[PDB]
Amino acid sequence: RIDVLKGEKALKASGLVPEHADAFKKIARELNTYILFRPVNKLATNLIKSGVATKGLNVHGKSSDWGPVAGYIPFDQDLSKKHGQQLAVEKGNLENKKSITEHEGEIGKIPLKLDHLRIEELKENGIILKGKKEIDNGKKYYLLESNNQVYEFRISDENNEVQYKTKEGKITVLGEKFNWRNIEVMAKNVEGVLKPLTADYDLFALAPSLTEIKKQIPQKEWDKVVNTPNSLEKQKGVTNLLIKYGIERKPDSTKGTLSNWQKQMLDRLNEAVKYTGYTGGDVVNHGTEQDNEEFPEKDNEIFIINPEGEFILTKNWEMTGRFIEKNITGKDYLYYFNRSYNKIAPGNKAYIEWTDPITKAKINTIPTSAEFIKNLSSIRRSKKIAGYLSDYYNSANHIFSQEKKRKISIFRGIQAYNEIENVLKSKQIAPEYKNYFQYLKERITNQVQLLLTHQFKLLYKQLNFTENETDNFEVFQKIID
Amino acid sequence: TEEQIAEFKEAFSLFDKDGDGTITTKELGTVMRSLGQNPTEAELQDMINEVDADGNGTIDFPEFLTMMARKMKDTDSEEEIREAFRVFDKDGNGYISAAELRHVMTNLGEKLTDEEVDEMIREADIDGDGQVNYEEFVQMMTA
Ligand SMILES: Nc1ncnc2c1ncn2[C@@H]1O[C@@H]2COP(=O)(O)O[C@H]2[C@H]1O
Ligand SMILES: [Ca+2]
Ligand SMILES: [Yb+3]
Ligand SMILES: [Yb+3]
Ligand SMILES: [Yb+3]
């Protein structure tokens, strides 16, 4: 059992509009694919239900979860949820500046207009309260209240446009102090008019049933690799069809980086919501989080809609990953995890951990040649062994019997354990590389000692020390049994 | 990418008494083999004979580092693959097992005989431990 939130208590904690999360079960059970969403700014919910347009990829301005601009995306990203971290806010802006300029026409900005109806909404979530009556130069305003210690706001009794200034004494993240000016919000151009943007839905992942990827593969193209007379490359052709119509994700230009079963998916999800009366276009609109390698993000809660229409909500990353491990990647569904997990994401220097089965089983498997070169590569801060490794993994053993395989391999395996000793006993060159060959040893050791765990525990202080050619392999012929 | 370049260099220090990096067409593959892709003597005579073909076919950096730019391009896999692996490996053992391959096949639509599965594992198997480790799945998927 896992400490997860089920039912309404989860949808409610997902931020997803309820009427939509409902339309989503439909597609989740219908396509037998789990649909996992990342969070969603809650103050953004009713705004979405209301019909507020959602930001695409040409808008990277984080929306606000506080103040009167809460829900929308303040052009001055120091009014958004990042309010405080300078380098963050600084990037927020640039990103918005790039939106307005790099997209003149499609993207712009309008003034914030909170209506008698949104004030209330904000009032209940206890975001901002309508205060006194202020009068400045012939126009009346009402100081909009907020638990904030840097800005002050108001609304016009005329057009309902909100304004804000830095409080006396206090200074902005950037070093700015200004006076009554309008809170501008990112807009989107729709039919000549400028409409305001808001949080979209962010898929954290999409996992279909393997049985589902089939329908994606042409019932032709399949029969070929299937009915292949062979039984070797026949697997390759099966795997490679899995790879093509199952994975190798590509740039859309607008949708981000997703597959084709994901692009089709996206549309199904948006058709779904549109049918519930949502006038504002797409709600889900760029590919899933597993392809977001540059700036990956770890959230503590992931809303999940399983192929049963049920609502789960992992409470922590340790959980979100334990769920997927048990219910998705181990139950016959197709799932992949962000290439930049377990690594240092480049864009944001992020370090997200995830269990990669290929690594668990590493201390018992000896590296291929290339793997050995790469290992020689990204450690070049400041020979001939690569062979005995392209020997161990000689794809041309496919004619041998396990008995033989396990032998020549146990040999080829000790073969390398040699060259990887003729060095640790040579000149001390660099303590950085020495801390590697040690690994190899322990590895090269462990694998051999695992094969022989069929037939050794010290049989090395006898076998061929230092001669060469083909006679060595002869001595081995008996050292074995 | 960058790493899909920085690596290569390491090869240029394995076995060539040329000193200033200079092998030949009689030991070019000796590097590619030990590296990644594995073409035949037929796919090595016309690729090389194009970019640098003077008298003794000078082989260095701006060359090889360029040849892969088309062979190691469409097959920019390795990643597109290492994930295929994780799919068959629903156990998490790190290695693909007979069963592991059945379960995946019986779902892609092809009901595999309890015989074949055990034959696809053996052939695909290299070190002969009875199951395929990632490295083997790589090999089995390119060479
Ligand atoms: N192909 C992609 N798939 C999913 N997320 C992506 C992709 N490319 C980028 N992302 C992003 O991760 C961010 C999440 O916030 P945004 O949706 O506003 O902006 C997004 C991008 O910076
Ligand atoms: Ca094996
Ligand atoms: Yb978004
Ligand atoms: Yb997104
Ligand atoms: Yb998004």
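Please note: Cβ atoms are built from the backbone with ideal geometry, for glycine as well, and neighbour counts cover all protein chains shown. A short reminder: the numbers here are calculations on the coordinates, not readings from a lab.
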Cross-link pairs A:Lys62/A:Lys188; A:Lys25/A:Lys215; A:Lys113/A:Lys165 - those with Cα-Cα distance over 18 Å
A:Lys25/A:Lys215
Given R₀ = 60 Å, what would the calculated FRET efficiency be for A:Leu87 paired with A:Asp481, taking r from the Cβ atoms and rounding to 0.05?
0.35
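Taking the number of other C-beta atoms within 10 Å as the exposure measure, put B:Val132, B:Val51, B:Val117 in order starting with the fewest.
Sorted ascending by nearby Cβ count, the order is B:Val51, B:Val117, B:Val132.
Taking only DSSP H segments of four or more residues, each worth -39500 (n - 2.57), what value at 222 nm results for chain A once the sum is divided by all its residues, to the nearest 500 deg cm²/dmol?
Values: 16 runs with 162 residues, N = 481.
That comes out to -10000 deg cm²/dmol.
Using 26 Å as the Cα-Cα cut-off, could you pick out the over-long pairs in A:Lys91/A:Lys255; A:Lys274/A:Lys349; A:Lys49/A:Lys109; A:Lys255/B:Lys90? Spell out each step's value before the answer.
Numbers: A:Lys91/A:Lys255 22 Å; A:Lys274/A:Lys349 38 Å; A:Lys49/A:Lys109 21 Å; A:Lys255/B:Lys90 30 Å.
The pairs that break the limit, which is 26 Å between Cα atoms, are A:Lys274/A:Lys349; A:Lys255/B:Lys90.
At 222 nm, what value in deg cm²/dmol follows for chain B if DSSP H runs of at least 4 each add -39500 (n - 2.57) and the sum is divided by all its residues, to the nearest 500?
Details: 8 runs with 68 residues, N = 143.
One gets -13000 deg cm²/dmol as the mean residue ellipticity at 222 nm.
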Convert 37 °C to kelvin, take the viscosity as 0.692 mPa s, use the Kirkwood radius over C-alpha pairs of segment A:1-157 as Rh, and evaluate the Stokes-Einstein diffusion coefficient in µm²/s, rounded to a whole number.
184 µm²/s
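Evaluate E = 1/(1 + (r/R0)^6) for A:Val190 and A:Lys220, where r is the Cβ-Cβ distance and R0 equals 51 Å; express this FRET efficiency to the nearest 0.05.
Values: r = 43 Å, r/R0 = 0.84.
E between A:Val190 and A:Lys220, to the nearest 0.05, is 0.75.
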When the dipole is taken about the Cα centre of segment A:379-439, and only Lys, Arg (+1) and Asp, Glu (-1) are charged at their Cβ, what size is it in debye, to the nearest 20?
100 debye
Can you classify segment B:1-74 as rounded, prolate or oblate using the Cα gyration tensor, where a ≥ b ≥ c are the square roots of its eigenvalues, rounded means a/c under 1.5, and otherwise it's prolate if a/b beats b/c and oblate if not?
rounded
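Looking at the calculated P(r) for chain B, what percent of the C-alpha pair distances fall above 21 Å?
Numbers: 5550 of 10153 pairs.
The answer is 55 percent, as a whole percent.
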In angstroms, what radius of gyration and Dmax does chain A have, counting Cα atoms only?
30.2, 105
Too long for a 26 Å Cα-Cα cut-off, among A:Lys42/A:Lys133; A:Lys81/A:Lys331; A:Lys214/A:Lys250, are A:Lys42/A:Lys133; A:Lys81/A:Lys331
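Express the C-alpha Rg of segment B:75-142 as a ratio against the empirical globular expectation 2.2 N^0.38 Å, rounded to two decimals.
That works out to 1.06 for segment B:75-142.
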Calculate how steeply helix B:64-74 sits against the longest principal axis of the alpha-carbon atoms of chain B, using the helix alpha-carbon long axis, and give the answer as 0 to 90 degrees to the nearest 10.
30 degrees
Largest first, please: the extent of the C-alpha atoms of segment A:355-481 along each principal axis, to the nearest Å.
45, 37, 26
With 10 angstrom as the radius, rank B:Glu79, A:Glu289 by how many other C-beta atoms surround their C-beta, starting from the fewest.
B:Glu79, A:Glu289
Using the Karplus curve 6.51 cos²θ - 1.76 cosθ + 1.60 with θ = phi - 60°, what ³J(HN,Hα) values do you get for each residue of segment A:62-75, in whole Hz, with x for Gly and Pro?
4, 6, 10, 10, 9, x, x, 7, 3, x, 8, 10, x, 5
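Take B:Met120, B:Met68 and order them by how many other Cβ atoms sit within 10 Å, fewest up front.
On the way: B:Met120 23, B:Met68 17.
The most exposed by this proxy come first: B:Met68, B:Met120.
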What FRET efficiency comes out for the pair A:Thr279/A:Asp332, r = Cβ-Cβ distance, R0 = 41 Å, nearest 0.05?
0.55
List the residues whose amide H sits under 5 Å from the amide H of A:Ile305, counting only those 5 or more places along or on another chain, with H placed 1.01 Å from N in the peptide plane.
A:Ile35, A:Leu36, A:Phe37
Non-local residues with an amide H under 5 Å from the amide H of A:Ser395, with H modelled 1.01 Å from N and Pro and chain starts lacking one, are none
Which residue, A:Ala10, A:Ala23, A:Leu241, has the largest displacement toward the positive end of the dipole of the protein assembly as shown when charges sit on each Cβ (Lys, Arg +1; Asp, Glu -1)?
A:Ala10
